[PDB]
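Text of the file start.txt, holding compact mmCIF, C-alpha atoms and all ligand atoms:
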```
# COMPACT_ATOMS: atom_id res chain seq x y z
CA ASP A 29 -49.39 19.00 5.61
CA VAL A 30 -52.43 18.83 7.86
CA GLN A 31 -54.10 16.77 5.11
CA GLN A 32 -51.18 14.34 5.17
CA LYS A 33 -51.55 13.86 8.91
CA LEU A 34 -55.33 13.30 8.61
CA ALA A 35 -54.81 10.73 5.81
CA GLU A 36 -52.20 8.95 7.94
CA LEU A 37 -54.56 9.06 10.87
CA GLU A 38 -57.40 7.64 8.79
CA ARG A 39 -55.10 4.97 7.41
CA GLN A 40 -54.00 3.89 10.91
CA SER A 41 -57.55 3.93 12.25
CA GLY A 42 -58.72 1.64 9.46
CA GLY A 43 -61.92 3.51 8.79
CA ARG A 44 -63.23 6.54 6.98
CA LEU A 45 -62.71 9.97 8.54
CA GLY A 46 -64.53 13.19 7.68
CA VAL A 47 -63.29 16.45 9.19
CA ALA A 48 -64.45 20.06 8.67
CA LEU A 49 -62.90 22.96 10.57
CA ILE A 50 -64.04 26.58 10.22
CA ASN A 51 -61.75 29.13 11.82
CA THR A 52 -63.86 32.28 12.21
CA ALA A 53 -60.76 34.44 12.64
CA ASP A 54 -59.99 34.43 8.89
CA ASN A 55 -62.98 32.40 7.59
CA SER A 56 -60.58 29.61 6.61
CA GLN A 57 -61.42 25.93 6.48
CA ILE A 58 -59.63 22.63 6.85
CA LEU A 59 -61.56 20.00 4.87
CA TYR A 60 -61.03 16.25 4.79
CA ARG A 61 -63.58 14.07 3.02
CA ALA A 62 -65.81 17.04 3.77
CA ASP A 63 -68.26 16.46 0.99
CA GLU A 64 -68.76 12.78 1.70
CA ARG A 65 -71.82 11.60 3.52
CA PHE A 66 -71.61 10.08 6.98
CA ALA A 67 -74.31 8.82 9.29
CA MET A 68 -75.02 11.57 11.80
CA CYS A 69 -76.26 9.35 14.64
CA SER A 70 -76.87 11.47 17.76
CA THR A 71 -75.21 14.58 16.31
CA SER A 72 -78.56 15.10 14.57
CA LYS A 73 -80.03 15.89 17.99
CA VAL A 74 -78.66 19.40 17.49
CA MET A 75 -80.89 19.96 14.48
CA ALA A 76 -84.00 18.68 16.17
CA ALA A 77 -83.38 20.89 19.19
CA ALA A 78 -82.77 23.98 17.00
CA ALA A 79 -85.96 23.18 15.08
CA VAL A 80 -87.87 23.36 18.38
CA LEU A 81 -86.07 26.53 19.46
CA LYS A 82 -86.92 28.11 16.10
CA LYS A 83 -90.58 27.27 16.65
CA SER A 84 -90.39 28.98 20.05
CA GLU A 85 -89.55 32.37 18.53
CA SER A 86 -93.18 32.42 17.36
CA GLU A 87 -94.67 30.40 20.27
CA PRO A 88 -93.03 31.84 23.39
CA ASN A 89 -94.47 29.39 25.94
CA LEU A 90 -93.45 26.46 23.73
CA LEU A 91 -90.43 25.36 25.74
CA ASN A 92 -92.61 25.05 28.86
CA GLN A 93 -95.18 22.75 27.25
CA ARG A 94 -95.37 19.34 28.84
CA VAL A 95 -95.10 16.05 26.99
CA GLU A 96 -96.07 12.78 28.59
CA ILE A 97 -93.50 10.01 28.90
CA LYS A 98 -94.87 6.46 28.90
CA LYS A 99 -93.25 3.03 28.92
CA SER A 100 -94.30 2.73 25.29
CA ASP A 101 -91.94 5.64 24.51
CA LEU A 102 -88.75 3.95 25.75
CA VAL A 103 -86.16 2.93 23.18
CA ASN A 104 -82.57 1.74 23.56
CA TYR A 105 -81.01 4.54 25.60
CA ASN A 106 -83.18 6.81 27.73
CA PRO A 107 -80.99 7.84 30.67
CA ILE A 108 -83.23 10.79 31.54
CA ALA A 109 -86.62 9.77 30.13
CA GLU A 110 -86.65 6.53 32.12
CA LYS A 111 -86.65 8.57 35.35
CA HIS A 112 -89.80 10.39 34.21
CA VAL A 113 -92.01 7.55 33.01
CA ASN A 114 -95.71 8.24 33.66
CA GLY A 115 -94.86 11.89 34.22
CA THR A 116 -94.32 14.83 31.91
CA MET A 117 -91.24 16.74 30.86
CA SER A 118 -91.17 20.15 29.29
CA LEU A 119 -89.78 20.53 25.81
CA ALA A 120 -86.94 22.54 27.30
CA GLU A 121 -86.16 19.60 29.55
CA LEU A 122 -86.42 17.19 26.66
CA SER A 123 -84.16 19.45 24.57
CA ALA A 124 -81.60 19.48 27.37
CA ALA A 125 -81.87 15.70 27.81
CA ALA A 126 -81.27 15.08 24.08
CA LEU A 127 -78.35 17.46 23.86
CA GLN A 128 -76.60 16.88 27.19
CA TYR A 129 -77.29 13.18 27.81
CA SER A 130 -78.07 11.99 24.27
CA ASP A 131 -81.46 10.70 25.47
CA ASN A 132 -83.17 9.02 22.53
CA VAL A 133 -86.71 9.35 23.84
CA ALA A 134 -86.09 13.06 24.07
CA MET A 135 -84.99 13.08 20.44
CA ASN A 136 -88.10 11.18 19.38
CA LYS A 137 -90.26 13.65 21.32
CA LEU A 138 -88.60 16.64 19.59
CA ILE A 139 -89.00 14.95 16.18
CA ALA A 140 -92.68 14.30 16.87
CA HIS A 141 -93.34 17.84 17.98
CA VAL A 142 -92.07 19.50 14.79
CA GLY A 143 -93.76 16.97 12.55
CA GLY A 144 -91.36 14.12 12.05
CA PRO A 145 -88.01 13.60 10.34
CA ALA A 146 -89.12 15.30 7.16
CA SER A 147 -89.93 18.47 9.08
CA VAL A 148 -86.52 18.55 10.74
CA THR A 149 -85.06 18.16 7.27
CA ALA A 150 -87.28 20.95 5.98
CA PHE A 151 -86.00 23.16 8.80
CA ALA A 152 -82.40 22.53 7.75
CA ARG A 153 -83.29 23.41 4.13
CA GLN A 154 -84.68 26.72 5.38
CA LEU A 155 -81.26 27.46 6.85
CA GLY A 156 -79.51 26.88 3.53
CA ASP A 157 -78.40 23.30 4.29
CA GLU A 158 -79.28 21.14 1.31
CA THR A 159 -77.16 18.16 2.40
CA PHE A 160 -78.61 17.27 5.79
CA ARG A 161 -81.31 14.65 5.77
CA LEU A 162 -83.03 13.01 8.72
CA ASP A 163 -85.05 10.02 7.53
CA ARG A 164 -85.87 7.87 10.55
CA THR A 165 -86.54 8.15 14.26
CA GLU A 166 -84.59 6.63 17.12
CA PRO A 167 -83.21 4.08 17.31
CA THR A 168 -83.07 3.06 13.67
CA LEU A 169 -81.45 6.26 12.48
CA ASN A 170 -78.19 4.94 13.91
CA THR A 171 -77.73 1.89 11.68
CA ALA A 172 -74.90 3.70 9.84
CA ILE A 173 -74.83 1.17 6.97
CA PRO A 174 -72.03 1.97 4.48
CA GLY A 175 -73.53 3.35 1.29
CA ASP A 176 -76.89 4.15 2.92
CA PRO A 177 -77.74 7.86 2.49
CA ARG A 178 -80.40 7.83 5.20
CA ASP A 179 -79.84 10.11 8.19
CA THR A 180 -76.57 11.43 6.79
CA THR A 181 -74.88 14.72 6.15
CA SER A 182 -71.44 15.86 5.18
CA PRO A 183 -68.77 17.38 7.43
CA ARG A 184 -68.77 20.58 5.38
CA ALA A 185 -72.52 21.05 5.60
CA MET A 186 -72.74 20.31 9.31
CA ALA A 187 -69.84 22.69 10.05
CA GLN A 188 -71.46 25.47 8.10
CA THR A 189 -74.88 24.82 9.61
CA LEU A 190 -73.54 24.53 13.15
CA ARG A 191 -71.78 27.83 12.53
CA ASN A 192 -75.10 29.37 11.53
CA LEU A 193 -76.88 27.95 14.59
CA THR A 194 -74.25 28.75 17.21
CA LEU A 195 -72.35 31.80 15.92
CA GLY A 196 -74.74 33.15 13.34
CA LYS A 197 -78.28 34.43 13.31
CA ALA A 198 -80.29 31.37 12.29
CA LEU A 199 -81.86 31.60 15.78
CA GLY A 200 -82.95 34.52 17.89
CA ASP A 201 -80.65 35.78 20.62
CA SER A 202 -82.47 34.03 23.43
CA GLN A 203 -82.62 30.82 21.46
CA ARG A 204 -79.08 30.80 20.14
CA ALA A 205 -77.92 31.43 23.70
CA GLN A 206 -80.02 28.56 25.01
CA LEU A 207 -78.59 26.22 22.37
CA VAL A 208 -74.98 27.13 23.14
CA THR A 209 -75.67 26.80 26.87
CA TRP A 210 -77.09 23.31 26.47
CA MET A 211 -74.17 22.28 24.30
CA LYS A 212 -71.63 23.75 26.73
CA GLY A 213 -73.35 21.56 29.33
CA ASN A 214 -72.96 18.33 27.39
CA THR A 215 -71.92 15.40 29.55
CA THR A 216 -70.89 12.92 26.84
CA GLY A 217 -67.98 14.38 24.90
CA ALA A 218 -64.99 14.66 27.21
CA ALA A 219 -63.26 11.85 25.34
CA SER A 220 -63.85 13.05 21.78
CA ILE A 221 -62.89 16.43 20.30
CA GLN A 222 -62.33 17.89 23.77
CA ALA A 223 -59.68 15.27 24.52
CA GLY A 224 -57.53 16.63 21.68
CA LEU A 225 -57.74 20.29 22.79
CA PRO A 226 -56.06 22.25 25.56
CA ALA A 227 -57.77 22.06 28.91
CA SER A 228 -58.26 25.81 28.88
CA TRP A 229 -60.41 25.92 25.72
CA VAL A 230 -64.20 25.90 26.06
CA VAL A 231 -66.21 23.43 24.03
CA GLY A 232 -69.87 22.97 23.31
CA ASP A 233 -70.33 19.70 21.49
CA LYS A 234 -72.71 16.94 20.53
CA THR A 235 -71.35 13.41 20.16
CA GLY A 236 -72.78 10.56 18.11
CA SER A 237 -72.24 6.88 17.74
CA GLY A 238 -73.89 3.98 16.10
CA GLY A 239 -73.46 1.06 13.77
CA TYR A 240 -70.28 0.21 11.93
CA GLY A 241 -68.34 1.68 14.83
CA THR A 242 -69.47 5.12 13.75
CA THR A 243 -68.05 7.75 16.12
CA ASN A 244 -68.87 11.43 15.71
CA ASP A 245 -68.49 14.76 17.45
CA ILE A 246 -69.55 18.25 16.35
CA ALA A 247 -68.35 21.24 18.25
CA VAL A 248 -68.13 24.97 18.64
CA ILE A 249 -64.85 25.83 20.32
CA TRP A 250 -63.82 29.00 22.09
CA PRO A 251 -60.01 28.90 22.36
CA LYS A 252 -58.37 31.16 24.90
CA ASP A 253 -58.12 34.66 23.43
CA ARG A 254 -58.99 33.47 19.93
CA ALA A 255 -62.01 33.70 17.70
CA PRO A 256 -64.28 30.68 17.83
CA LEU A 257 -63.84 27.55 15.80
CA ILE A 258 -66.38 25.09 14.47
CA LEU A 259 -65.13 21.50 14.24
CA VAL A 260 -66.92 18.48 12.79
CA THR A 261 -65.31 15.03 13.13
CA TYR A 262 -67.11 12.02 11.67
CA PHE A 263 -65.65 8.55 11.69
CA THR A 264 -67.00 5.23 10.50
CA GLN A 265 -65.54 1.78 10.12
CA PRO A 266 -65.83 -1.28 7.90
CA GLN A 267 -66.95 -3.90 10.43
CA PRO A 268 -70.58 -3.84 11.56
CA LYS A 269 -69.66 -4.67 15.15
CA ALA A 270 -66.63 -2.37 15.18
CA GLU A 271 -66.03 -0.59 18.48
CA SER A 272 -66.31 3.15 18.96
CA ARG A 273 -63.10 5.09 18.39
CA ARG A 274 -63.41 8.38 20.27
CA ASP A 275 -59.62 8.57 20.27
CA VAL A 276 -59.66 9.05 16.48
CA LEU A 277 -61.79 12.14 16.95
CA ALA A 278 -59.46 13.40 19.66
CA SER A 279 -56.45 12.88 17.39
CA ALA A 280 -58.15 14.70 14.49
CA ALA A 281 -59.00 17.62 16.78
CA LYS A 282 -55.38 17.79 17.89
CA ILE A 283 -54.11 17.61 14.33
CA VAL A 284 -56.26 20.41 12.90
CA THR A 285 -55.92 22.88 15.81
CA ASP A 286 -52.13 22.58 15.99
CA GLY A 287 -50.95 26.10 15.19
CA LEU A 288 -53.96 27.96 16.59
CL CL A 301 -53.44 21.54 28.20
```

Reformat the file's structure so that it appears as structure tokens.
Ligand SMILES: [Cl-]
Amino acid sequence: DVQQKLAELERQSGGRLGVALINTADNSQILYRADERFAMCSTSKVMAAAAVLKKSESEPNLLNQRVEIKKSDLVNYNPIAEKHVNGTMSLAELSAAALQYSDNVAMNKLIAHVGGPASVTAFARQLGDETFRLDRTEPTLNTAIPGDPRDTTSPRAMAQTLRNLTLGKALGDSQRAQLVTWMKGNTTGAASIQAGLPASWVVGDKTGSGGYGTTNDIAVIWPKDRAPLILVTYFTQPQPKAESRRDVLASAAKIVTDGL
């Protein structure tokens, strides 16, 4: 019956909706188009950040290393990096900027540090994720062209990976905690999955948007007095200039958590 309501939601929205919920209470899943590929857009910032955190388990001072920010590094959306031009930022700072403000320079700096999009992809493979692929840098990774496999993953794979990163042992204790802390500090997702959940639940999420009105949110959710959930909501639309539909994500979140 949940599937019915997601299909009716997708029908009303006019686009293509991919949902994957893992309920860690009973290891159950709600899947909707969960094996289809969707452009990740900024939700891929989580994988780049984790790649850097993983590197730091072997290089402890890594997060304190400084990277220069120049005008040549600016792209389309640099809310934090633009304040630091001609200075340096630590990788920890860049990680926080990418995850909490969706800063695209920060993402490009993380990508560069671990050796480019193919290295981020190789990191995901090491975690058991054979679906994720990051192909391009910012800003082109957000084109979200229908049919284009570049910079895509599936809801099911991102839910399982995010589970590994945030609730599992893919990262060391210090590093997993850092990742969850950054995500719980996100500033950009109050209108997406969070908007479909009770005020009392705690969310750490990473949003994403791009071409074809693509609107995404990935989240680890701590309900009150319940085991955590992982929720992936991906949404994309037929028109290239379509507007973002964060409300669709909020409705999906409401639909699949009704009864928890
Ligand atoms: Cl409420």

List all protein, DNA and RNA residues that have any atom at most 10 Å from ligand CL 301 (chain A), counting all atoms listed in the file, and write the list as a PyMOL selection string. chain A and resi 223-229

I need the chosen residues saved as a compact mmCIF listing (two decimals), keeping the file's coordinate frame, with C-alpha atoms.
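For reference, result.txt as written:
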```
# COMPACT_ATOMS: atom_id res chain seq x y z
CA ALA A 223 -59.68 15.27 24.52
CA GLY A 224 -57.53 16.63 21.68
CA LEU A 225 -57.74 20.29 22.79
CA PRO A 226 -56.06 22.25 25.56
CA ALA A 227 -57.77 22.06 28.91
CA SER A 228 -58.26 25.81 28.88
CA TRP A 229 -60.41 25.92 25.72
```

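With all atoms listed in the file as the atoms that count, the residue of A:57, A:114, A:106, A:154 with the shortest distance to residue A:136 is A:106.
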
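With distances taken over only C-alpha atoms, A:147 is the one residue among A:52, A:220, A:41, A:147 lying closest to residue A:76.
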
**OP:** Using all atoms listed in the file, determine which residues lie at most 12 Å from stretch 83-88 of chain A, disregarding the query and same-chain residues fewer than 5 positions distant; provide the list as an NGL selection string.
**Re:** :A and (76-78 or 93 or 119-120 or 138 or 141-143 or 147-148 or 151 or 198-204 or 206)

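Counting only C-alpha atoms, the residue from A:95, A:45, A:231, A:155 that sits nearest to residue A:192 is A:155.
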
From atom CA of residue A:140 to atom CA of residue A:91 the spacing works out at 14.4 Å

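The protein and nucleic acid residues lying at most 6 Å from stretch 97-103 of chain A are residues 113, 114, 115 and 116 of chain A, with all atoms listed in the file considered and sequence neighbours fewer than 3 positions away removed.
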
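Counting from atom CA of residue A:61, the distance to atom CA of residue A:171 is 20.6 Å.
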
Can you tell me, as an MDAnalysis selection string, what residues are no more than 12 Å from residue A:176 when counting only C-alpha atoms, ignoring any on the same chain fewer than 3 positions away?
chainID A and resid 64:68 161 163 169:173 179:181 239:240

Could you save the residues just selected, with C-alpha atoms, as a compact mmCIF listing (two decimals), keeping the file's coordinate frame?
```txt
# COMPACT_ATOMS: atom_id res chain seq x y z
CA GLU A 64 -68.76 12.78 1.70
CA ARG A 65 -71.82 11.60 3.52
CA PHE A 66 -71.61 10.08 6.98
CA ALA A 67 -74.31 8.82 9.29
CA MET A 68 -75.02 11.57 11.80
CA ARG A 161 -81.31 14.65 5.77
CA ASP A 163 -85.05 10.02 7.53
CA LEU A 169 -81.45 6.26 12.48
CA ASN A 170 -78.19 4.94 13.91
CA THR A 171 -77.73 1.89 11.68
CA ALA A 172 -74.90 3.70 9.84
CA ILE A 173 -74.83 1.17 6.97
CA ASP A 179 -79.84 10.11 8.19
CA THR A 180 -76.57 11.43 6.79
CA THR A 181 -74.88 14.72 6.15
CA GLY A 239 -73.46 1.06 13.77
CA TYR A 240 -70.28 0.21 11.93
```

Using all atoms listed in the file, the residue out of A:273, A:282, A:234, A:212 with shortest distance to residue A:33 is A:282

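Using all atoms listed in the file, the shortest contact distance between residue A:125 and any of A:205, A:211, A:69, A:186 is found at A:211.
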